[PDB]
Amino acid sequence: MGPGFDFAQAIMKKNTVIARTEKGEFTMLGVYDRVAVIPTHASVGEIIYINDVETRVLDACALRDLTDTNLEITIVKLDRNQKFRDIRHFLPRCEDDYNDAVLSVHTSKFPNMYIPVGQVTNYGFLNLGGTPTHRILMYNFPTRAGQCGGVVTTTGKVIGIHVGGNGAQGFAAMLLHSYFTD
């Protein structure tokens with residue numbers, strides 16, 4: 001409907017796949033080459049389904065900060081025959097607050113879904129399903145089951161992936177440029 005939704009759509013149309021693990025269907029953001037991200041609670045194994053095709057996982061790393069605290073991001077390298085558009089230049093370099101964000105989801109259940117979530121706070125610490133978690137972004141939208149892995153964008157920046165909610169607020173794990181230096 002406007003430039004926020006335009007940037008979000010551009011990312012969804014080229015840089016997402018539908019990932020399925022034993023823990024469900026997730027929006028999955030491809031970042032560059034065969035490297036993608038998914039919430040750590042997806043429990044990625046040796047094999048994953050990508051757009052309903054059996055795909056070997058070449059590597060999977062559950063990120064933690066240097067205090068050895070969960071970040072809820074898993075970086076996956078996929079045995080896929082095709083590279084993602086490189087979107088690393090849209091990643092923030094530092095932790096920050098944002099205005100006017102969009103959460104975008106694409107699953108079998110929720111295709112072509114875009115939510116204007118508004119102002120995003122650098123919330124920091126969250127007890128997420130019992131797990132101490134750092135680098136959390138918060139937005140005042142009542143997000144629901146099926147949105148995990150959803151991409152959080154502003155115009156010109158890809159800032160996080162949706163990892164949970166409390167019924168009133170939604171929470172995303174930060175994406176930082178430093179996670180994807182090769």
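Criteria and thresholds
- Counting starts from 1 on each chain and follows the sequence as written, independent of the entry's numbering; residues without coordinates are not shown.
- Only hydrogens and water are set aside; all other atoms, that is, all heavy atoms of the structure, feed into the side-chain values.
- Helix and strand labels come from DSSP, where a helix needs a run of H or I of at least four residues and a strand needs a run of E of at least two; each type is numbered from the N terminus.
- Computation of the radius of gyration draws on C-alpha atoms, with the globule rule given as 2.2 Å multiplied by the number of residues to the power 0.38.
- Exposure categories follow from relative accessible area, calculated using a 1.4 Å probe and restricted to protein chains: below 20% of the type maximum is buried, above 50% is exposed, and the middle band is partly exposed.
- Each salt bridge in this description consists of a side-chain nitrogen of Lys or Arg and a carboxyl oxygen of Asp or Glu lying within 4 Å of one another.
- Any two strands are treated as partners once DSSP identifies two or more bridges connecting them.
- Start and end points for every domain follow an automatic or database-based domain assignment.
- We call two residues in contact when some of their heavy atoms are within 4.5 Å.
- Polar contacts, as counted here, are pairs of nitrogen or oxygen atoms within 3.5 Å of one another; within protein the pair requires one atom able to donate a hydrogen and one able to accept it, and residues that are adjacent in sequence qualify only if both atoms are side-chain atoms.

A few words on the overall build of the protein. Each helix and strand counted, the protein has one helix and 12 strands in total. Listed by position from the N terminus, the elements making up the protein come as α-β-β-β-β-β-β-β-β-β-β-β-β. Here the C-alpha radius of gyration of the protein, 15 Å, is about what a compact globule of 182 residues would show, namely 16 Å. Taking all 182 residues of the protein together, 52% fall into the buried category.

To continue, consider the pattern of salt bridges. Under the defined criterion, the tally for this structure stands at six salt bridges. Note that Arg-56 is salt-bridged to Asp-79, the shortest N-O span being 2.7 Å. Remark: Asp-79 occurs in the loop between β6 (70-78) and β7 (98-105) and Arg-56 occurs in strand β5 (residues 53-64); sequence separation between them is 23 residues. Among the ionic pairs, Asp-86 bridges to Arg-88, the shortest N-O distance being 2.8 Å. Owing to a relative accessible area of 14%, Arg-88 belongs among the buried residues under this scheme.

Once that is clear, we can look at the pairing of strand β12 (residues 170-174). Within β12, five of the five residues are buried, leaving the element largely enclosed by the surrounding structure. Direction of pairing for strand β9 (residues 131-139) relative to β12: antiparallel, over a ladder of four bridges. Within β12, the position partnered with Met-138 by the bridge is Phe-171. As paired elements, strand β11 (residues 157-165) and β12 share five bridges and run antiparallel to each other. When the bridges of β12 are listed, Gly-165 appears paired with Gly-170. Taking the residues between adjacent antiparallel strands as the criterion, β11 and β12 are bridged by four residues, where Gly-167 takes a positive phi near 95°.

Our focus in this paragraph is the domain arrangement of the protein. We note that the domain assignment places domain 1 (1-15 + 85-182) and domain 2 (16-84) within the protein. The distance between the C-alpha centroids of domain 1 and domain 2 comes to 16 Å. The partner domain 2 presents 27 residues to the 35 residues of domain 1 that form the contact. Inspection of the domain 1/domain 2 interface yields zero salt bridges. In this assembly, domain 1 and domain 2 are joined by nine residue pairs in polar contact. At the level of secondary structure, the elements contributing two or more residues to the side of domain 1 that touches domain 2 comprise α1 (3-15), β7, β9, β11 and β12. Ranked by the residues each element gives to the side of domain 1 that touches domain 2, the list is headed by β9, at five residues.

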